[PDB]
Every structure is written in C-alpha cells, then in structure tokens.
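# Fold and geometry: a report
For reference, the chains in residue letters:
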Amino acid sequence: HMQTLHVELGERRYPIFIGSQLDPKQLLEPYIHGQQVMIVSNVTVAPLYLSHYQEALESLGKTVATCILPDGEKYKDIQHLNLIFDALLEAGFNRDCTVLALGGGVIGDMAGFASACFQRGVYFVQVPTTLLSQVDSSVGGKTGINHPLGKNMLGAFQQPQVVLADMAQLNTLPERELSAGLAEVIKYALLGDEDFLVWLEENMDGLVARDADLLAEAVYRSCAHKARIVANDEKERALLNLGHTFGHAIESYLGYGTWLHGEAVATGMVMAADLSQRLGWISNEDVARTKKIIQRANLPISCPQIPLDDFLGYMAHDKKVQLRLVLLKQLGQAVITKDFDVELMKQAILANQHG
Ligand SMILES: NC(=O)c1ccc[n+]([C@@H]2O[C@H](COP(=O)([O-])OP(=O)(O)OC[C@H]3O[C@@H](n4cnc5c(N)ncnc54)[C@H](O)[C@@H]3O)[C@@H](O)[C@H]2O)c1
Ligand SMILES: [Mg+2]
C-alpha cells in the first residue's frame, strides 16, 4: 500500500508518494506540466535507476534528456551546476520543462537550484534515492550548492511539484548511508515524538534489514514531522538542529569524507543527551536508551579524540550571529537554550570521545 503525505509550504502544495516499486508513469503524470523532462543524476545512481524513470516518462509521451554528474559532495559547486544548464540549453528546453532530481541530497540540491535559475524558474520534481534525502531533503524547499568559502551559501527556495520516495531504491544503498538516514529518523523521534521512539525501538532490526513496509512508515512519519515543524515555524525550525552543533565540530575536525553527516549527527545527539543529563534534565537511563537505539541502527555513539580547543572553536565558528544548543528536557521534547554550563558541555564532549 502506497502512502501519500500532503505538504503545504509557502503558497505551494505538493504530495510525497511513499511506497515500494512505484509506477512513475502513473504517479508523475499529473505533475509533469510540460512536454520536456530533464533527469539529473550521477554516475552511481543513473546506471541503477535512470532507465526506469526515462522509460516511464517516454512511454508517457515526454521528451526526456539527462545530465549525469560525478558522484560526490565535492562536486556540489557552481562549475558542476553549470553542466545542468549546458544540458538544458543543449536540449532546447523551454520555460515549462521539468527538472527531475534522481539521486541523493547532493543531486536534489543541485537539480533544485538549477531548476530555480533556468529561465528564472521551471518545474522541479524530487526522486530521492537515499534514506536521508527521503526524510530530510523532501520537505523545506531549500536548494543550494557549496562555495570554497562556505557550504550551502548559494541557492534558492524551490518547492517540488511532487516527491516520489520508492523504498526499493534503498536496496542498493551502502550500509553506512542507510544508517546515516536512520540517524535523522531517530532525530525526529528524540526531538519531538517519544511514541515514534518506542516504534523505532520495536522495529529497528527490520529497518536496518530494509523491510520495505517499515521503511515506508519511518519515512512517512519522518516527513510528516518535518512538514509539521516547518509549517508551524511559518506560523521552531531550530529544533531540527538536535545534535548538529556537536556533529558539525566532529565533521569539521575529521575532514571531508571521514564520517558521514548522519554519523556525526548520531554522536552529536549522544553528546546533547549527555549534557542534558548533566544539567539534570534527563536521566542516565534516558542517555543509555538514546545510545542503545542509535547503536542498534549501526551508528557510532562516540567519535575519535578531538582537542576541546578545536572542538569549541568549530562550535563557535558556526554561531548564528550567544551560543545556543538544541538539548533535551525529555526524550521527545527538545529545546533550544542558552542555559548550560560550558564546563558541563566540555564534560559531555570528552565523555563521548573514544580512545
Ligand atoms: N535541501 C535540504 O533541505 C537538504 C536536507 C538534507 C541534506 N541536504 C544536502 O544533501 C547532501 C547529502 O545528501 P545524501 O546524504 O543523500 O548524500 P549523497 O546525495 O552524496 O548520497 C550518498 C551516496 O549514495 C549514492 N547513492 C544515492 N542513492 C543511491 C542508491 N539508491 N543506491 C546506491 N547508491 C546511492 C550517491 O551516489 C552518493 O555516493 C548534502 O549536500 C546536504 O547539504 C539538503
Ligand atoms: Mg542533518
């Protein structure tokens, strides 16, 4: 059974179809408003899934062109954004064409940003093929690319006409990438839904095992949470940063490609929970519970040794404009706060570094 989540962001509205072995010819027909579709993918995802979408849209009568990018966060820059513009103009595509992002969050951001710039804005469709992009990139409307001096500093707000989330595509995902997605799923439960946490504890073995039905429920519940947070924020969104201030310092010190972002978020959530226990807000049992579910998702709960001077420098260089952290008053009840002892924060960092 396929599930549909209806998102309302900005003055725009779109469905997210979630299931397994979906038919893109059936699902996308109402959402391809013109004759032409540009499928953007990369050298890893395209040989696996491109023909599936190209053959479906061509059977629909559409003109399909493609732009296949190298695989990597390091290519998420304006030089490779330009390759999409090259492909779009080489194909002669017009104002009513659709750009279809086939891939993970890197492709989603690049194709989304390209779709906002081409002819000052064309249509955008998301087909996320990583778990993380399915539960994170599919709501929010942010698109972007990197600059040598700053990540995700160039981009556009661009909402899709539709998001198609097919769990079967997760079967070819590397194990670390799957776990990296589950880190974000766990995050939603820890910041705002203890019932969701209970469900993850009961079902984690099957999610790691890539049970199609359980994955689909986790994706639906994750997207529903983020859609609710951003919609309420428009009516805070900062709670989505649980674990990210700690995690950013981990990533920055370990360097490009050492840890996945979701792996850093996992350990950052442990540090956040640990600090929360030291502030007296949650119990040691709550921290143990948080470590256990993250570990069962095959995620790290401790990172290598990082000098505190460097760690704190990275947390202070990511400052919004006073340092505010996303911590836990209870499991499933995150808060953004300035009221923490910095000495206790250093203790929580050091406690979750392994030898
Ligand atoms: N716009 C947003 O709100 C938002 C949200 C989250 C992340 N992002 C961006 O997303 C990017 C990270 O996304 P990601 O974690 O999906 O990384 P990614 O897009 O680099 O994908 C991870 C790896 O898996 C490969 N891959 C993807 N799908 C596959 C599949 N089905 N089978 C086998 N291999 C597959 C990709 O080629 C890549 O090597 C970052 O640039 C981040 O800034 C944006
Ligand atoms: Mg994240």
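X-ray crystallography is the method the PDB entry lists for this structure, together with a resolution of 1.8500 Å.

For the magnesium ion (ligand 2), the full set of protein donor atoms is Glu184 (OE), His244 (NE2) and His261 (NE2), at a range of 2.2 to 2.7 Å. Here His261 lies in helix α10 (residues 261-278) and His244 lies in helix α9 (residues 244-254), a separation of 17 residues in the sequence. Note on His244: relative accessible area 19%, which makes it buried. Judged by its relative accessible area of 33%, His261 falls in the partly exposed class.

For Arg210, the location among the structural elements is in the loop between α7 (194-208) and α8 (212-234). For the pair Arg210 and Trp199, spaced 11 residues apart in sequence, the C-alpha separation works out to 16 Å. If we ignore the near neighbours within four places in the chain, the residues touching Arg210 are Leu170, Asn171, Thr172, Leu173, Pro174, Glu175, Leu178 and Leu215. At a separation of 2.6 Å, a polar atom in the side chain of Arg210 contacts the main-chain carbonyl oxygen of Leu170. A polar contact of 3.2 Å, which involves the side chain of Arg210, links it to the side chain of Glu175.

A distance of 3.3 Å separates the side chain of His244 from the side chain of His261, its partner in a polar contact. Ignoring anything within four residues of it in the chain, the contact list for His244 reads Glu184, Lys187, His261 and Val265.

Bringing unusual backbone geometry into the picture now. One non-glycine residue, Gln21, lies in positive phi territory at about 55°. By secondary structure assignment, the location of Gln21 is in the loop between β2 (12-19) and α1 (24-28). By relative accessible area, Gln21 is classed as exposed at 68%. Although it is not a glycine, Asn298 sits at a positive phi angle of roughly 65°. Position of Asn298 among the secondary structure elements: in the loop between α11 (284-296) and α12 (308-317).

Glancing now at the domain arrangement of the chain. The assigned domain composition of the chain is domain 1 (1-172) and domain 2 (173-355). On a C-alpha basis, the centres of domain 1 and domain 2 stand 27 Å from each other. At the junction of the two partners, domain 1 supplies 27 residues and domain 2 supplies 26 residues. Contact between domain 1 and domain 2 buries roughly 2,200 Å² in total, counting both sides, with carbon and sulfur atoms accounting for 69%. Where domain 1 touches domain 2, the interface holds 1 salt bridge. Here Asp136 ties to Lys226 by a salt bridge, and the two come within 2.9 Å at their closest N and O atoms.

As a structural note, the neighbourhood of ligand 1 is formed by 24 residues, with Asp71, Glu73, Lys76, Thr130 and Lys142 the closest of them. Within the backbone of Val106, one N or O atom sits 3.0 Å away from an oxygen atom of ligand 1. In this structure, a nitrogen atom belonging to ligand 1 sits 2.8 Å away from a side-chain N or O atom of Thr172. Burial of ligand 1 by the surrounding chains reaches 83%, relative to a free accessible area of 860 Å². Of the residues belonging to the shell around ligand 1, the class tally is 7 nonpolar, 10 polar and 7 charged. Each of two domains, domain 1 (1-172) and domain 2 (173-355), supplies a minimum of three residues to the shell around ligand 1.

Parameters at a glance
Residues numbered from 1 in each chain as written, not as in the entry; some residues may be left out. Chains lettered and ligands numbered in written order. Heavy atoms only, no water. Residues with missing side-chain atoms left out of burial classes, pairs and counts. Donors = N, O, S within 2.8 Å, 3.2 Å for Na, K, Ca; no water. Helix = DSSP H or I, 4+ residues; strand = E, 2+ residues; numbered from the N terminus. Buried < 20%, exposed > 50% of the residue type's maximum accessible area, 1.4 Å probe, protein only. Contact = heavy atoms within 4.5 Å. Polar contact = N/O pair within 3.5 Å; in protein donor to acceptor, adjacent residues only side chain to side chain. Domains from an automatic or database assignment. Buried area = accessible area lost by both parts, 1.4 Å probe. Salt bridge = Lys/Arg side-chain N within 4 Å of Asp/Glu carboxyl O. Near = heavy atom within 4 Å. Areas by Shrake-Rupley, 256 points an atom, 1.4 Å probe, with all protein chains shown as cover. Nonpolar A, V, L, I, M, F, W, Y, C, P; charged D, E, K, R; others polar.

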